[PDB]
Engineer: 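Have a look at this one.
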Amino acid sequence: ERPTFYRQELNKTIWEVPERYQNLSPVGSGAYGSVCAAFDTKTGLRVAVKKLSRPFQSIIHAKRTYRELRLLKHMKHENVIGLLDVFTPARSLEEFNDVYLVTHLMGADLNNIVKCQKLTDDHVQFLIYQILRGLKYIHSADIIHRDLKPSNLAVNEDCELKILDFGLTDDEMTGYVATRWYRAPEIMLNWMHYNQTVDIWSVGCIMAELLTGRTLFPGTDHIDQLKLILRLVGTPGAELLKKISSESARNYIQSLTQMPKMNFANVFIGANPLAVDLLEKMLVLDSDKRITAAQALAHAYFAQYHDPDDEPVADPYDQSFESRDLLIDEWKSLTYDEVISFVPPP
Ligand SMILES: C[C@H](CS(C)(=O)=O)Nc1n[nH]c2nc(Oc3ccc(F)cc3F)ncc12
């Protein structure tokens, strides 16, 4: 049966939610989207409810709405944000115009936790382990996060971690901004068709920052950032240069004075030698040669957490819709079907 819904004004819009959800309260000061904390009286869980902003206003937006719902419905993993519930107050497709998504409420993001400070090596081990455990799962479904950074890593009091915003402008990537500091060079400057290992670069940047309390590559712009990157990892060799399909980018890279890879032990003074080794394997310029999430989990740095029988992979994820061209109402009908067919977790 259909639950009873009640109306409330929260984030300049009227939220219409099932009675089970009580004490709705906006969180994140707009940073996470139109999101409210709530108490789910049915499960006893503290939850986060996200209302999608004008989800079917254009073809691009309607497809994005479908994409996010498909992604959230697929993800069933401890270290990845998943769906506890999805609902609409609509009784039919013709009425359908709002989508509400429900997940676990997490106390903070990693960025607000790290607070300019060095973390203990054990804390770094545990946090990075969880990120890699989640990424192994995500990557096994042929999904790429693309924008992994401390602000989309949600963490509770016990340091338990869940990955937000997976699989989803020029101005906000401009300048001295955290929005670009964790990006692999190949994607930051559109060198080539990029793969899953862009996410591994990001983990390396995050891991280094947890170990030192400092941004690894705090570039003031795209060019400044590239120079910071290349000083640490060295300028590309001939092999990688061939792989830069963008003739323009390839030609610029060649104009830079060649630099050798630095000694990471001299860069990360005092750090666990195993952490240094892993950082070296993650922060490789050639993306073909970066360590994978599955491989990184088996690295000696995670000896006290690694368990090959407790690091699950995902069911197959059909993303053929990505190369499909449809009308707004067609994307909207596909979305409606996915809402209606939702089965809650036990
Ligand atoms: C990280 C943030 C910190 S807080 C409570 O200060 O806003 N807490 C959050 N816990 N759970 C969260 N979920 C989101 O986004 C959602 C993602 C998927 C959903 F189904 C529902 C959501 F609300 N954003 C944010 C959070």
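Computed over heavy atoms, backbone and side chain alike; hydrogens, waters and symmetry mates excluded. For the single chain, residues carry numbers from 1 onward in sequence order. One-based numbering, in listed order, for ligands and for the atoms of each.
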Engineer: For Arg250, I'd like to know if atom CZ has over 12 heavy atoms of other residues, nucleotides or ligands within 6.0 Å.
Structural biologist: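 Check passes, neighbour count above 12.
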
Engineer: If you take the centroid of each ring, where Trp contributes its six-membered ring, are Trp15 and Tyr21 closer together than 6.0 Å?
Structural biologist: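 No, the ring centres sit 6.0 Å or more apart.
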
Engineer: Going by the order shown, which atoms of ligand 1 are within less than 4.0 Å of some heavy atom of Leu164?
Structural biologist: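 In order of numbering, the contacting atoms are 13 (N), 14 (C), 15 (O), 24 (N).
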
Engineer: Could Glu68 and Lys50 be called an ion pair, given the rule that one side-chain N must be under 4.0 Å from one carboxylate O?
Structural biologist: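 Between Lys50 and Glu68 there is a salt bridge, with a charged N closer than 4.0 Å to a carboxylate O.
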
Engineer: Checking ring-ring contact (aromatic ring centres under 6.0 Å, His included) for the pair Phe217/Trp201: CA distance, chi angles, key distance, verdict?
Structural biologist: CA-CA 12 Å; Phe217 309 117; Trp201 182 271; 5.8 Å; yes

Engineer: Pull out every atom of ligand 1 sitting under 4.0 Å from any heavy atom of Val35, numbered as shown with elements.
Structural biologist: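 That gives atoms 23 (F) of ligand 1.
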
Engineer: Below 4.0 angstrom from a heavy atom of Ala48, which ligand 1 atoms are there? Numbered from 1 as shown, please.
Structural biologist: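 Those of ligand 1 that fall under 4.0 Å from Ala48 are 11 (N), 12 (C), 13 (N), 21 (C), 22 (C), 23 (F).
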
Engineer: Against heavy atoms of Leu83, which atoms of ligand 1 measure under 4.0 Å?
Structural biologist: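 Reading through ligand 1 atom by atom, the close ones are 20 (F).
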
Engineer: Using a strict cut-off of 4.0 Å, indicate which atoms of ligand 1 neighbour a heavy atom of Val102.
Structural biologist: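 Here the atoms of ligand 1 in question are 20 (F).
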
Engineer: Number the atoms of ligand 1 from 1 as they appear, then name those within less than 4.0 Å of a heavy atom of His104, with their elements.
Structural biologist: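 What qualifies from ligand 1 is 10 (N), 11 (N), 12 (C).
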
Engineer: Just need the protein heavy atom nearest to atom 16 (C) of ligand 1, so name the residue and atom and give the distance.
Structural biologist: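 It is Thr103 CG2, 3.9 Å.
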
Engineer: Short list, please: which atoms of ligand 1 are under 4.0 Å from a heavy atom of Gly28?
Structural biologist: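 Numbered from 1, ligand 1 contributes 7 (O).
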
Engineer: Any chance the rings of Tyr176 and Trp181 have centres within less than 6.0 Å?
Structural biologist: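 Yes.
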
Engineer: What do you reckon, are the aromatic ring centroids of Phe166 and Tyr137 less than 6.0 Å apart?
Structural biologist: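 For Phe166 and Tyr137, the ring centres are not under 6.0 Å apart.
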
Engineer: Which residue holds the protein heavy atom closest to atom 8 (N) of ligand 1, what is that atom called, and what is the gap in Å?
Structural biologist: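 Here the closest protein heavy atom is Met106 O, 2.9 Å.
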
Engineer: For ligand 1, which atoms have a heavy atom of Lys50 less than 4.0 angstrom away?
Structural biologist: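 Counting atoms of ligand 1 from 1, those under 4.0 Å from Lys50 are 21 (C), 22 (C), 23 (F).
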
Engineer: When you measure from atom 6 (O) of ligand 1 to every protein heavy atom, which one gives the shortest distance, and what is it?
Structural biologist: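 Checking every protein heavy atom, the shortest distance to atom 6 (O) of ligand 1 gives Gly107 O, 3.8 Å.
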
Engineer: Looking only at protein heavy atoms, which one is nearest to atom 24 (N) of ligand 1, and how far off is it?
Structural biologist: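 Of the protein heavy atoms, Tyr32 CB, 3.7 Å lies nearest.
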
Engineer: Tell me every residue that passes side chain to side chain donor-acceptor pair (under 3.5 Å) with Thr43, counting only those two or more places apart in sequence or in another chain.
Structural biologist: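 Side chain to side chain donor-acceptor pair (under 3.5 Å) check on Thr43 returns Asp40.
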
Engineer: Under 4.0 Å between a side-chain nitrogen and a carboxylate oxygen: does that hold for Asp310 and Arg133?
Structural biologist: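 Salt bridge: yes.
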
Engineer: Grouping I, L, V, M, F, W and Y whenever their side-chain heavy atoms are under 4.5 Å apart, do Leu24 and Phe39 come out in a common cluster?
Structural biologist: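 Different hydrophobic clusters.
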
Engineer: When you look for heavy atoms under 4.0 Å from ligand 1, do you find them on the side chain of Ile81, its backbone, both, or neither?
Structural biologist: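 Side chain only; the backbone of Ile81 stays clear of ligand 1.
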
